[PDB]
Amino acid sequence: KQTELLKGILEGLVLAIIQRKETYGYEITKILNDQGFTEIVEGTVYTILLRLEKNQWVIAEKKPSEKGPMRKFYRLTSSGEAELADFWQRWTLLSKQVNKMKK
């Protein structure tokens, strides 16, 4: 259920992380891990990032790292920002509906 529970949400959180700072898979996975979605590996993030790029919600581009090798860095498009705004609203509603069941 924990992989299932993270479906839909993780895409939203990934968009969220990219909005805050230009970033690449390892950075994104490490932030998620520290927040702490600890059982999320970068293989899962990579898969998600492919899909985000495919739909042009994020742009991807390679720059040098600290310190040396190239890395694929991401940033939100205007459509992406729109998708993220939509995620939080949908989430805020869901979160309310589901919590109104807890008690």
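Heads up: residue numbers just count along the shown sequence, starting at 1.
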Item to complete: Select between 75 to 83 and 10 to 18 the stretch whose C-alpha atoms have the higher average B-factor in the entry.
Response: 75 to 83
Worksheet item: Mind checking which third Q56 falls in for C-alpha B-factor across the chain?
Response: highest
Worksheet item: Mind checking which third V45 falls in for C-alpha B-factor across the chain?
Response: middle
Practice prompt. Check where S65 lands among this chain's C-alpha B-factors and tell me if it's the lowest, middle or highest third.
Written response: highest
